[PDB]
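What follows is a single structure, written as structure tokens, with notes after it.
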Amino acid sequence: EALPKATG
Amino acid sequence: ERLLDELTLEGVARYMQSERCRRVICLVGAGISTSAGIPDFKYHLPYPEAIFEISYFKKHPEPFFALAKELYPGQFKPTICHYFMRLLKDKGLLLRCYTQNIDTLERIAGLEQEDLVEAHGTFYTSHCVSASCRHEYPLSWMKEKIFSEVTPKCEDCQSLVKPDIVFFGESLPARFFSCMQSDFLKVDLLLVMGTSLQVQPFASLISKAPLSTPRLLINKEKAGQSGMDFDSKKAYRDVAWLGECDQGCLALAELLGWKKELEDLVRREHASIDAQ
Ligand SMILES: *CCn1cc(CCCCCCCCCCCC)nn1
Ligand SMILES: [Zn+2]
């Protein structure tokens, strides 16, 4: 669905 | 197959002077810009992390821009570490610099676009949040709106204008995943500087390298351990130098024989920045 996202 | 003789900074230097060390990848974080004035990490934030989350920002952008006006540095001077990476570029050793930072200090230090993976974007350009408009605005327009304390709005949509930073909850640029697929099959050395490897998917980058590839951490604290193996009996390739990044890069440059080069580079480039 989307590219990997910025996560803490 | 341990390519390092000793698990020390000097061992990393000796390995870098050998013919096996041709392609070096740098993974850098906020720690390499703290000595430049860039900081590391009322409005009723539901949680303090929402200041950098895209959903909250789209709902309530005022806290972020207030913080931006508060923490906007008066000057942008790259540090000794940035110029160490610049020396790596000038000597044909730098395959890529993956940065978590948004201060563009790698560009100002002289790293070109092909050298860089700005994994979390940049503050330099900004865009309208409407995907059917995407009107682009420069850092001058953004800085004027930030210091006049007027929320940036698009001249075509009247929508919110956001700096091209990857907020928490946004996807990383496609260039990240394009470079990663090729860069880590060939990497001879990982230089991890100024990051505690706390933000994904950036941190996972340290596990993409081959198992024989040495990895040196220059950071105020050990990080990336399960994975980083510094202090076990099976340790064979991971070195940790704890302290300020500028000090670690000074020491590594001197051990490599580049002390005077790095000194001259820093002096001349800082003079050129103060001149303009
Ligand atoms: C998941 C992607 N991501 C982004 C970040 C960094 C979050 C902090 C952003 C700081 C903004 C500073 C505004 C002022 C800048 C002046 C040049 N981590 N992970
Ligand atoms: Zn627009």
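Start at 1 and go down the list; that is how both ligands and their atoms are numbered. Order of the sequence lines sets the chain letters (A, B, ...), proteins ahead of strands, with each chain counted from 1.
Protein N/O/S atoms nearer than 2.8 Å to the Zn ion (ligand 2) total 4.
The shortest contact between atom 12 (C) of ligand 1 and any protein heavy atom is with B:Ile102 CD1, 4.2 Å. Here the heavy atom of the protein found nearest to atom 5 (C) of ligand 1 is B:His120 ND1, 3.9 Å. The protein non-hydrogen atom at the shortest distance from atom 7 (C) of ligand 1 is B:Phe52 CD1, 3.9 Å.
Checked against a 6.0 Å centroid threshold, the rings of B:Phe64 and B:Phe57 count as neighbours. For B:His120 and B:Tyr98, the ring centers are positioned 6.0 Å apart or more. Ring-centre distance between B:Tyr137 and B:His135: below the 6.0 Å cut-off. Between B:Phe41 and B:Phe52, the ring center distance clears the sub-6.0 Å criterion.
Looking only at side-chain heavy atoms (C-beta outward), B:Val266 and B:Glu269 stay at 4.5 Å or farther from each other.
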Pair B:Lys89-B:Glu112, salt bridge (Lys or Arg N to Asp or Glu O under 4.0 Å): steps then yes or no: CA-CA 9 Å; B:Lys89 167 184 174 62; B:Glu112 298 177 295; 3.0 Å; yes
Steps toward ring pair (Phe, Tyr, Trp, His ring centres under 6.0 Å) verdict (B:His60, B:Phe65): CA-CA 10 Å; B:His60 313 306; B:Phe65 288 128; over 10 Å; no
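With ligand atoms numbered from 1 in the order given, ligand 1 contributes 1 (C), 2 (C), 3 (N) to contacts under 4.0 Å with heavy atoms of A:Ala6. The ligand atoms of ligand 1 that sit less than 4.0 angstrom from a heavy atom of A:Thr7 are 1 (C). Against a heavy-atom cut-off of under 4.0 Å, B:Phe123 is close to the following atoms of ligand 1: 13 (C), 14 (C), 15 (C).
Looking at B:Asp231 and B:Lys222, a side-chain N of the basic residue comes within less than 4.0 Å of a carboxylate O on the acidic one, giving a salt bridge. Looking at A:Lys5 and B:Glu53, no side-chain N of the basic residue comes within less than 4.0 Å of a carboxylate O on the acidic one, giving no salt bridge. Ion pairing between B:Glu1 and B:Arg237 fails under the 4.0 Å rule for side-chain N and carboxylate O.
Under a 4.0 angstrom heavy-atom cut-off, B:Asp103 registers as lying outside contact with ligand 1.
Taking a distance limit of 4.0 Å, we find that atom 14 (C) of ligand 1 is approached by some protein heavy atom.
Side chain to side chain, B:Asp103 and B:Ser33 meet the donor-acceptor criterion of an N or O pair below 3.5 Å.
Atom 4 (C) of ligand 1 has its nearest heavy-atom neighbour, among B:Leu172, B:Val166, B:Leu67, in B:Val166. Between the choices B:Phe64, B:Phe76, B:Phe65, the shortest heavy-atom distance to atom 17 (C) of ligand 1 belongs to B:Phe76.
Of all the heavy atoms of B:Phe202, none lies under 4.0 Å from any atom of ligand 1, so neither backbone nor side chain is involved.
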